[PDB]
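Peer 1: Please find the sequence and an experimentally derived structure below.
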There are 2 protein chains.
Amino acid sequence: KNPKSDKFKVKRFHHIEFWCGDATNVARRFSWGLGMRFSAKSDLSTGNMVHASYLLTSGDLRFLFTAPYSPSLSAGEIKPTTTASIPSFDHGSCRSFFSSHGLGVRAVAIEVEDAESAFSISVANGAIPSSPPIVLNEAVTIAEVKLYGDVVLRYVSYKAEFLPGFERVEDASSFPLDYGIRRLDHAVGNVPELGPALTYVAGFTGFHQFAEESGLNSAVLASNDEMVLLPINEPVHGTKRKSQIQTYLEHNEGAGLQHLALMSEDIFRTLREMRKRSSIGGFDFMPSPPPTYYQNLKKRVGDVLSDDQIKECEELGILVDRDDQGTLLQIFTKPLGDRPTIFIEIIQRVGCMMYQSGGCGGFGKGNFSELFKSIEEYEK
Amino acid sequence: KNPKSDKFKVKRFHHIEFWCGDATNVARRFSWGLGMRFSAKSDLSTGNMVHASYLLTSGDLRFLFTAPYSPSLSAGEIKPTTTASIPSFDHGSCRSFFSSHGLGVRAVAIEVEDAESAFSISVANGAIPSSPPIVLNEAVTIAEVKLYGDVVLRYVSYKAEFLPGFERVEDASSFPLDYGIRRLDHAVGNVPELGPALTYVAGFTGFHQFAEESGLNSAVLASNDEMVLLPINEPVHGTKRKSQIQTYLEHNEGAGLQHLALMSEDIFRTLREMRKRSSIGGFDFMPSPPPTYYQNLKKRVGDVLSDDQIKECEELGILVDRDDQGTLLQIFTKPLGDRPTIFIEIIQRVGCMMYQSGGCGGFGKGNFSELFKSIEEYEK
Ligand SMILES: COc1nc2c(C)cccc2cc1[C@@H](O)[C@@H]1[C@H](O)C=CC(C)(C)[C@H]1O
Ligand SMILES: COc1nc2c(C)cccc2cc1[C@@H](O)[C@@H]1[C@H](O)C=CC(C)(C)[C@H]1O
Ligand SMILES: [Co+2]
Ligand SMILES: [Co+2]
């Protein structure tokens, strides 16, 4: 059931912002590893004396990478006279975030109808304010509330090109890379306590639960059309293998974003291209499942995927799960940076055609059971 | 004249260490951009709970990238029980360095006969101690003294594989990239006052001056065989174009390493390979000189380089200067990170054959005069 209880009008995921120590090197690594093009910048060359911000795009997916300059460059400025293009930015907050958590997601940004109203309604319903609504060049409104840990939910609304003050990148510095990624499908947080996290976030958004022995409990919050999807995990203690969620919390110094799932229009091309680059600056992937996993896959997805399509899944290490409505292809990268914290999922969904409805095929919860039996079966 | 006055036995440049916020992303970007292979690691997977350190190599060139983990991982350790592989590392120093200066060189490391003796003699002759000699696994001794700013001169000596505690990287994660770079030729510092800087460094090393209207004064310190070369620059104030050295000092928050010059065994291959990757994760280069520069080049290097070889220089944007002993091919990257501070020079030297003697062809001081006239000549 979908009660459609959003307390304000939400559209889609808009961008993800990483807080970095050096935005240039992270953005260049991510561009090559994921096939995202350099699209916009706000930095010294655009008159921003406060922070360096580089925007990568692939389809509708927008990754923003931001790092602080020396505060001495802007020591004469006050907020009314700032040259920062993102008015919520703060040198101390950014350095404190990065020293505490390492490289990771600071903001999950969603486009809304009216960011000022979304902020006001959110705070009236329990949201902890992080940055009040600010109107940029009479054109864009941005506001921020706390989501979990030091991650914020960022509201952006447009009266009618990323943000005022950002410049489009010259075509010479913008190479048209594209490995098939098209949008953010979901963004997953790890928290110490799931109950209070859900009550808080669902409390101020009106997002509803989307609904579906390995170390975690989880639930998924969704917007009215279920295109903004926010799974949240908590650890369960007292197993044998210590909770991977607990390990995250330790290395991250608390709650934060665990993974970003990026939808591909052709997951086989995406994974061919990404795997070609793993050892030459790109991203590494988890160990592939045993051959038993794919032998058992014909028995479960033999009617959605041909034997050849299943063979291509085994070449690339792709996992397959199936709902009662749709089928999900997925795979996970190794951690994106030094710490065993954030990583990326690549996904593609097949089914639930009406456009495709959000969450089609679920999130792969069944692949845990299937993987455990594959481990047992391959040992034999 | 070379007085050969080294106060201790110096061999060659050994490695350069960058202090980073995320070593993984910088190392992967540098690997792809420069054609350096992943060679060794010290991190969580090797039992290091303190810092992540990744070593890239190309020929004899060694770049080390290091970032701190959460101090909470090692909160129970003391220096006698540390899991750090580089005992001079300190979480607070590293975070303070990176917050102050951004991404940049922390250590210029030279191999010496006896690092404990080199340290002792250095400090007896004015060097400010940074990290006392420490013997690692009865095999390697490392010690550090201040060089300029927050950059240290690191002494390493071997009784007889990078450092104890580092593991060789598995061949699957180690792709054999190579664009032709073979060693560090020189490392250049920017300081506020050249005189006191030279007196300090020459005072404690015995390094001698190597000797050769655009905003700087400089001098070059050299070891006995002139294979360790350390140019130092100061700004000169009161021009029209404000000193580029002063701009560095402002954006860097003080003295630091300005550029690393990397010798290539084939600068044309190196620049072809590096330029292919500039817009797909690699490094950008300075704007090319006007065609007048290369027209005038035949008149000055027409006897060392054929017309075709000079044409290949113009394709790749390579600069040429000539000593009374040898000829130098050189080119400069744009800054390596967010701040307009550190950058890289690629060089190749021709002449001074005996092996080749250090500094052959100089450092390109004449290319300033030639560039200024090229600007005038091309305007016409
Ligand atoms: C690390 O996350 C995963 N790992 C998997 C592994 C290691 C094997 C097979 C399937 C996996 C699926 C996921 C995830 O996408 C999430 C999680 O499992 C359950 C609910 C969420 C909504 C939070 C999912 O998104
Ligand atoms: C930014 O440095 C340079 N820029 C050049 C430009 C922009 C044009 C032509 C030649 C250049 C040469 C250099 C440098 O290698 C140094 C410097 O000029 C003089 C003495 C040192 C020993 C310190 C050199 O190494
Ligand atoms: Co997922
Ligand atoms: Co130089």
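Peer 2: Looks like it arrived, so ask away. Residues are numbered from 1 along each chain as shown, chains lettered A, B, ... in the order given. Ligands and ions are numbered 1, 2, ... in the order given.
Peer 1: May I have the host helix or strand of residue A:261 exported as PDB, CA atoms only?
Peer 2: In this structure, residue A:261 sits in strand A:256-264 according to DSSP states H and E. Taking C-alpha atoms only, strand A:256-264 is exported to PDB below (Å, rounded to 0.1, in the frame of the first residue of the first chain):
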ATOM      1  CA  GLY A 256      26.500   8.200   7.200                       C
ATOM      2  CA  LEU A 257      25.700   7.200   3.700                       C
ATOM      3  CA  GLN A 258      26.600   3.600   2.900                       C
ATOM      4  CA  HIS A 259      26.000   3.200  -0.800                       C
ATOM      5  CA  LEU A 260      24.600   5.000  -3.900                       C
ATOM      6  CA  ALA A 261      22.800   2.900  -6.400                       C
ATOM      7  CA  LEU A 262      23.200   4.100 -10.000                       C
ATOM      8  CA  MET A 263      20.800   3.000 -12.600                       C
ATOM      9  CA  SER A 264      22.300   2.000 -16.000                       C
END
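Peer 1: Each with direction, which strands does it pair with?
Peer 2: strand A:181-190 (antiparallel), strand A:343-351 (parallel) (DSSP bridges).
Peer 1: how far away is the residue sitting nearest the centre point of chain A from ligand 1?
Peer 2: Nearest residue to the geometric centre of chain A (C-alpha atoms, centre = their mean): residue A:260, 3.0 Å. In this structure, residue A:260 and ligand 1 are 10 Å apart, going by C-beta to the nearest ligand atom, to the nearest Å. Just so you know, the C-beta spots here come from the backbone N, C-alpha and C atoms, and that holds for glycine as well.
Peer 1: who touches that residue in this structure?
Peer 2: By C-beta atoms under 8 Å, 6 or more residues apart in numbering or on different chains, residue A:260 lies in contact with A:16, A:105, A:184, A:186, A:187, A:188, A:342, A:344, A:345.
Peer 1: coming back round to it: can you add distance to residue B:165 and give the strands paired with strand A:256-264 back as a markdown table?
Peer 2: Below are these laid out as a markdown table (distance: least, C-beta to C-beta, whole Å):
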| stretch | distance to residue B:165 |
| --- | --- |
| strand A:181-190 | 31 |
| strand A:343-351 | 26 |
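Peer 1: most tightly surrounded among these?
Peer 2: strand A:181-190 (a mean of 23; mean count of other C-beta atoms under 10 Å in any protein chain shown).
Peer 1: gap between whichever strand or helix holds residue A:296 and the chain center?
Peer 2: Applying DSSP H and E as the criterion places residue A:296 in helix A:291-301. Centroid displacement of helix A:291-301 relative to its chain, using C-alpha atoms, centre = their mean, to the nearest Å, is 29 Å.
Peer 1: helices or strands up against it?
Peer 2: Counting contacts by 3 or more C-beta pairs under 8 Å, 6 or more residues apart in numbering or on different chains; DSSP states H and E, helix A:291-301 packs against helix A:307-316, strand A:319-322, helix A:366-379.
Peer 1: circling back: any bit of the strand holding residue A:261 sitting next to ligand 3?
Peer 2: Yes. Strand A:256-264 reaches ligand 3 (C-beta under 5 Å from the ion) through residue A:261.
Peer 1: Give me the distance between that strand and the centre of its chain.
Peer 2: 4 Å.
Peer 1: CA atoms only for stretch A:276-290, dumped as CSV, please.
Peer 2: Extracted in CSV, the C-alpha atoms of stretch A:276-290 (Å, rounded to 0.1, in the frame of the first residue of the first chain):
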residue,chain,number,x,y,z
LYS,A,276,38.3,-2.3,-18.1
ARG,A,277,39.4,0.7,-16.0
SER,A,278,39.5,-0.9,-12.5
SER,A,279,43.3,-1.2,-12.4
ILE,A,280,44.0,2.0,-14.4
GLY,A,281,42.5,4.6,-12.1
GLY,A,282,38.8,3.4,-11.9
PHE,A,283,36.9,1.4,-9.4
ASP,A,284,37.3,-2.2,-8.2
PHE,A,285,34.3,-4.6,-7.7
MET,A,286,33.4,-7.2,-5.1
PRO,A,287,34.6,-10.8,-5.6
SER,A,288,32.4,-12.6,-8.1
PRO,A,289,29.9,-15.2,-6.8
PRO,A,290,30.8,-18.9,-7.3
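Peer 1: Pull the residues that contact that stretch.
Peer 2: A:29, A:32-34, A:271, A:274-275, A:314, A:317, A:319, A:331-334, A:336, A:344, A:371, A:374-375, A:377-378, B:28-29, B:31-33, B:38, B:172-175, B:177, B:281.
Peer 1: so can I have JSON lines of the contacts of residue A:260 showing distance to residue B:305?
Peer 2: Output for the contacts of residue A:260, formatted as JSON lines (distance: C-beta to C-beta, whole Å):
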{"residue": "A:16", "distance to residue B:305": "50"}
{"residue": "A:105", "distance to residue B:305": "51"}
{"residue": "A:184", "distance to residue B:305": "53"}
{"residue": "A:186", "distance to residue B:305": "58"}
{"residue": "A:187", "distance to residue B:305": "56"}
{"residue": "A:188", "distance to residue B:305": "58"}
{"residue": "A:342", "distance to residue B:305": "50"}
{"residue": "A:344", "distance to residue B:305": "48"}
{"residue": "A:345", "distance to residue B:305": "53"}
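Peer 1: so which of those residues are also by ligand 3?
Peer 2: Okay, of the contacts of residue A:260 touching ligand 3 (C-beta under 5 Å from the ion), that's residue A:345.
Peer 1: Return the residues in contact with whichever residue of the stretch 101-250 of chain A sits closest to ligand 4.
Peer 2: Nearest residue of the stretch 101-250 of chain A to ligand 4, counting by C-beta to the ion: residue A:173, 25.1 Å away. By C-beta under 8 Å, 6+ apart, the contact set of residue A:173 is A:38, B:279, B:284.
Peer 1: From these, which land in strands?
Peer 2: Judged by DSSP state E, strands contain the following of those: residue A:38.
Peer 1: Got a PyMOL select line for the buried ones in the contacts of stretch A:276-290?
Peer 2: With 16 or more other C-beta atoms under 10 Å in any protein chain shown as the burial test, the buried ones among those are selected in PyMOL as follows:
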select buried, (chain A and resi 29+32+33+34+271+274+275+317+319+331+332+333+336+344+371+374) or (chain B and resi 28+29+31+32+33+38+174+177+281)
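Peer 1: Could you find the closest non-adjacent residue to residue A:19?
Peer 2: residue A:106 (4.1 Å; C-beta to C-beta, 6 or more residues apart in numbering or on different chains).
Peer 1: can you confirm that neighbour is in a strand?
Peer 2: Yes. Residue A:106: assigned to a strand according to DSSP: H, G, I helix; E, B strand; the rest coil.
Peer 1: That one: neighbouring residues, count only.
Peer 2: 25 (other C-beta atoms under 10 Å in any protein chain shown).
Peer 1: Residue A:379 too?
Peer 2: 8.
Peer 1: hey, where'd the strands end up in the stretch 101-250 of chain A?
Peer 2: Secondary structure of the stretch 101-250 of chain A by DSSP state E, counting those that start in this stretch: the strands cover A:104-112, A:129-136, A:140-148, A:151-158, A:167-168, A:181-190, A:208-209, A:216-222, A:229-235.
Peer 1: Could I get those in JSON lines, plus columns for distance to ligand 2?
Peer 2: As requested, these are exported to JSON lines (distance: least, C-beta to the nearest ligand atom, whole Å):
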{"stretch": "strand A:104-112", "distance to ligand 2": "35"}
{"stretch": "strand A:129-136", "distance to ligand 2": "38"}
{"stretch": "strand A:140-148", "distance to ligand 2": "40"}
{"stretch": "strand A:151-158", "distance to ligand 2": "40"}
{"stretch": "strand A:167-168", "distance to ligand 2": "26"}
{"stretch": "strand A:181-190", "distance to ligand 2": "39"}
{"stretch": "strand A:208-209", "distance to ligand 2": "59"}
{"stretch": "strand A:216-222", "distance to ligand 2": "53"}
{"stretch": "strand A:229-235", "distance to ligand 2": "49"}
